[PDB]
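Step one of this worksheet: look at the structure below.
Basis: the model, the stated rules and, where named, an outside source; these are not laboratory values. When we count neighbours, we look across all protein chains shown, and the Cβ atoms used for this are built from the backbone with ideal geometry, even at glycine.
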4 protein chains.
Amino acid sequence: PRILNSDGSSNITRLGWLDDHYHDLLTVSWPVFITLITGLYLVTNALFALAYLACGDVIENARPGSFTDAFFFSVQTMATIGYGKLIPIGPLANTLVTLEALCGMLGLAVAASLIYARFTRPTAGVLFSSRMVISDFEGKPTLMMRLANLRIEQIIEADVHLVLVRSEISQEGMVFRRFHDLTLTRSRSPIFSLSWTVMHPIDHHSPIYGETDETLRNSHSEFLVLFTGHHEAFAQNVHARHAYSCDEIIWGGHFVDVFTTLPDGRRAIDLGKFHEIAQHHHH
Amino acid sequence: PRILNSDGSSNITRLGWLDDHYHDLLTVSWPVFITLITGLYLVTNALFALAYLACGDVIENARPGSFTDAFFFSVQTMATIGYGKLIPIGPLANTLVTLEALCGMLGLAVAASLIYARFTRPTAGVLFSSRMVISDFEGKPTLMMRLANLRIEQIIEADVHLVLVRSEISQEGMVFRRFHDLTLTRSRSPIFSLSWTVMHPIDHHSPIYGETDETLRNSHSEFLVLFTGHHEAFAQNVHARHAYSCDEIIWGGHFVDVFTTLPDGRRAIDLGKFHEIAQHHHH
Amino acid sequence: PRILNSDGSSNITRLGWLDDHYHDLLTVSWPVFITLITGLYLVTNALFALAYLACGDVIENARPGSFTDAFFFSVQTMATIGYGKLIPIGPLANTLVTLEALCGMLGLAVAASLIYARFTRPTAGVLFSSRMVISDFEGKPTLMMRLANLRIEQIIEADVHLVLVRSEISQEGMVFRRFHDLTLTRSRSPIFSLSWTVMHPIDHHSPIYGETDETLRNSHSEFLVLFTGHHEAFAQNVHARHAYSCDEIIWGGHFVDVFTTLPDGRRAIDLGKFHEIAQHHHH
Amino acid sequence: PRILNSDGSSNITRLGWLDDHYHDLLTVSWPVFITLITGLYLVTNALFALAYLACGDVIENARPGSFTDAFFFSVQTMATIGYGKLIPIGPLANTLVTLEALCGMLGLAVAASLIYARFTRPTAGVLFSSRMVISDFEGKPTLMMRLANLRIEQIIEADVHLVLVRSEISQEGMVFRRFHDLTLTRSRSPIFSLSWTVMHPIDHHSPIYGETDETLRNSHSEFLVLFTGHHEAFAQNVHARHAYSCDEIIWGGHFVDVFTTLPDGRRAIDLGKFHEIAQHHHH
Ligand SMILES: [K+]
Ligand SMILES: [K+]
Ligand SMILES: [K+]
């Protein structure tokens, strides 16, 4: 019954048409977006066609009072193909022409921006260790997990937050869900390029100090990771979030090493070891 | 007589043509912007038309010395419909043609950028509690208000500032308006997704320490909220501001709750309760 | 003989073709930029024309072996006017056609970005007090100056740096220019909207502590101001810099006030007072 | 056998098609990118051509059932040249027409964004001293290197990180690589314009305290520099990274000086001295 999913998205039921137009256009699925555009496209040409007929027989080589001919003319026009069979006749015809044109291009201008706006979304090539572990490092138990960059490009002034979420009681006895930042031995990495193992020493200041497994389940406590940085690939900021549940903490585990020396004597990164955690089994 | 409005915009009278072109173009109302563009469009084609006539009878199938014909030709040319009735004749005609073309597309290039520049502005889907309250939490009064995210998308590394603005006297006796940043128990929320109740404990460090209602009116003091964060919807930064007056502080009040358990046993959010503040009435 | 000019640009002599293409294109003056584009435009069409002639007589209604005809055809083709007199003939002709097209639009795509890149530069509407003053505020002498926003739109997350630059001697006796950032009583203003008077208290920590005028001239010391913030007008970041020399510090001065109460009882801003500094003259 | 290259890119062997489409498109060499686009272009027109043939003889003046004719028609249609020889016939023909158009325009919209996305990348004009030096400044040994801005434009709120990377042993005996950010006497420069000599005093807090050369080689330790700032040239953020190996530290060296006084008495910047380091040779 987790508040937060693994993908980091909160897991709640929300209780609530043209109001949020811009958001909605960037939020819709590509199929839909393309449809909408199409609809709009067809629609407006039809409208324009009617305008033509309305004037009445103002297009060269158009079957009299036929909406198709006018429509297709309108596309050839708006789109500025301007084949040349169907042509404006008389001031009224042409004014509508020079109006459509402008309309068409403006639409392109609007479509473009939407496209570009929705199209230009980078994604940190970042991979999260499927598990956390609690184990002794430098003489104090420490909670860790690790990120691997999935691309050759580097992430600059990357940094990460390790947030514990769990239930608490106020002195007043309000029983709420609280967020605790957890101090990391290293929270900034100005140049993140291969792997980073993040650590929260556990000492008298850690909100998870002297806590067993039993106690963690009991506060229904999870761990939320937010990573962010400036990706050289995109020359644009990127982020990535992940969440862990009490039971994805492997007590005493140790992340295996992904750094190797080749036969060649050249260093290397093996991603295969990335999700592997060493463990002592005591029968 | 408030210095700051609810929308957070300061409430002062300011005492002060082509100077600020770029700002103005992004600042104008869409109707106006479109008009301007249109004007510019029509205008330039007229100019071009004149250029054509000026050469004299250089367009196929054009009524001799008729501006309309030239004008409409110019549009068909500059929008590159290029129907094909009206056509250039001779070097002068065509040079003007190849000039217009380029002109037209440059205009598109300029129009586009403006459009995109004005078009691409997100808005945090954030709603502010209409009131603040001063109530005891964990043993110290605390001033609070709360934000609710209005969209399914999440806001990352969101954070908020609670600023008290009020009149003061210097030892030197300068009577000025000063801004105090009020320490919040929680000022960052790396993953804002549903509701956030912001709190400023009031203790010997709070500029509103041991202050009643009477004293607040007296310094003509208001409270300004700035919220900001990176919206996943837009993959871009968003902000929202709000302001409160002394009298929108509900002393002793408690925000009602918005988190529920369904019959189903599934957690939920209710945004009807959002503006509701519990209160004790003592006859 | 100032190191820094009033406009904040350093005042030094620097001692040093296709290398910096992108910078150069954004750095050039509009006339020039347009020329370059034009040149490129004309040029490429000429090249294309030659390609056509090179096939030989492959365009309908073209005077045999005539470059003009080919050239103008090439424009009508690359701008996609496609009038319809001059037309491709045979495979070679048309392939070149379908190649040009693509070329043309790609050029548009490149031109656009440049245009937009150079076009979309905001400027903080910020005005700097022409002078600084040193005077007692809240019981310690304080250096100050002030900014006024020149537009109705607000600046978010605005903040400012007050940097003293002056010559120093190392224990080793290196005589260098050093920068001292000066602690301001208020360095962030999450919502800058009208005027902000920035202050650097002078106490045992101020690098200008117990310094007279004489001593300031002597270290040839100046004061550099950098302001930056996110402008709601442009929905984009803005900055502004300014510099002051030792002699633009008005000792004992006090900035006059720009905030008024109207007859109406409505508050107001008078930016005429903005540069005015009160002063005591003692015969 | 360095972990990090001079360009700051980590020097490891990574061990691991349509997955990363957007990154890949921005990452590919211009030649390749253009090819891809071209391919896509040609391809889609061919597809469209087939669509035409498939209806069968629906284009005016088209050799019956010939792909070339259809193909070239398709381009004239999709690029909206619309010459006018080949023309749609009947409903099926034209619908495909009005579909292509839109398609073409959308492609432009997509191409543009890619172009602009890849095209609009600035590069800090920043040059790194080829060497570092360890030498006494103001009475404590200090590690330094220096940056020179290579362009007339200025970089705002520039700042730099000096990171030591070297192998260590945990008490638990884990032998890992660790990063130490090294406190710099000056880490921000709100207005970087000519040269900046960065310094890390070495004292009881420096992770390189009481370390000789021998000891540095031994921990296989390098030094990583990240510089970043907002470039006025591009009105956009820029960064630059560099790395140094133990052996590019010139002990006792002193950077020569690049600031000069002209005969004219005007100050100047010479960048020939930039890489020059003074040294005492003791036979
Ligand atoms: K056309
Ligand atoms: K066209
Ligand atoms: K045509």
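Brief remarks on what is shown
- Extreme residue, surrounded by the most Cβ atoms within 10 Å (Cβ to Cβ), among residues of segment A:4-25 that are facing chain B (nearest Cβ under 7 Å) and among the aliphatic types (A, V, I, L, M): A:12
- Residue in segment B:104-126 that is surrounded by fewer than 16 Cβ atoms within 10 Å (Cβ to Cβ) and either over 41 Å from the mean Cα position of the chain (by Cα) or of a type in the set (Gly, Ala, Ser) (or both) present: no
- If you filter segment D:51-69 down to residues that are in contact with a strand residue (DSSP E or B) (Cβ under 7 Å, 6 or more places away or on another chain) and hydrophobic (A, V, I, L, M, F, W, C), you find that the one that is nearest to ligand 1 (Cβ to nearest atom) is D:59.
- All positions within segment D:102-134 that are under 22 Å from residue A:231 (Cβ atoms), more than 7 Å from every other protein chain (Cβ to nearest Cβ) and out of contact with any strand residue (DSSP E or B) (no Cβ under 7 Å at 6 or more places or on another chain): D:114, D:118
- Within segment C:26-44, the set of residues being under 20 Å from the mean Cα position of the chain (by Cα) and more than 10 Å from chain D (Cβ to nearest Cβ) comprises C:28, C:29, C:30, C:31, C:32, C:33.
- Count of residues meeting criterion [facing another protein chain (nearest Cβ under 8 Å) and under 23 Å from residue A:87 (Cβ atoms)] in segment C:60-96: 13
- Cβ separations smaller than 8 Å between residues 6+ apart or across chains give the following pairs from segment D:82-93 residues that are farther than 19 Å from residue C:89 by Cα and among the hydrophobic types (A, V, I, L, M, F, W, C) to residues that are part of a loop (DSSP other than H, G, I, E, B) and more than 13 Å from ligand 1 (Cβ to nearest atom): D:89/D:57; D:89/D:58; D:89/D:60; D:92/D:58; D:93/D:58.
- When segment B:161-177 is filtered for residues that are facing another protein chain (nearest Cβ under 9 Å) and not small (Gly, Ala, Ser), the ones remaining, listed by number, are B:161, B:163, B:171, B:172, B:174, B:176, B:177.
- Single residue of D:141, D:88 found to be over 30 Å from residue C:116 (Cα atoms), within 15 Å of ligand 1 (Cβ to nearest atom) and not aliphatic (A, V, I, L, M): D:88
- Test for residue A:52: is it outside the structural domain of residue A:223 (by CATH), of a type in the set (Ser, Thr, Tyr) and touching a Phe, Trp or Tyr at 6+ places or on another chain (Cβ under 9 Å): yes
- Flag for residue C:264 being surrounded by fewer than 19 Cβ atoms within 10 Å (Cβ to Cβ), in contact with a helix residue (DSSP H, G or I) (Cβ under 8 Å, 6 or more places away or on another chain) and on the phi < 0 side of the Ramachandran plot: no
- Residue that is farthest from residue D:45 (Cα to Cα) [pool: residues in segment C:63-103 that are of a type in the set (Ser, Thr, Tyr), within 16 Å of ligand 3 (Cβ to nearest atom) and not in a helix (DSSP H, G or I)]: C:83
- Subset of segment B:113-153 [on the phi > 0 side of the Ramachandran plot and small (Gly, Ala, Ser)]: B:139
- Of all the numbered requirements in (1) under 24 Å from residue B:113 (Cβ atoms); (2) part of a loop (DSSP other than H, G, I, E, B), residue C:112 misses one, and that requirement is (2).
- Unique match (being away from ligand 1 (no atom under 16 Å from the Cβ), within 30 Å of residue C:181 (Cβ to Cβ), part of a strand (DSSP E or B) and not assigned by CATH to the domain that holds residue D:44) among D:152, D:134: D:134
- Scanning segment A:49-62 for residues that are within 16 Å of ligand 3 (Cβ to nearest atom) and either more than 21 Å from residue B:68 (Cα to Cα) or out of contact with any helix residue (DSSP H, G or I) (no Cβ under 6 Å at 6 or more places or on another chain) (or both) turns up A:60, A:61.
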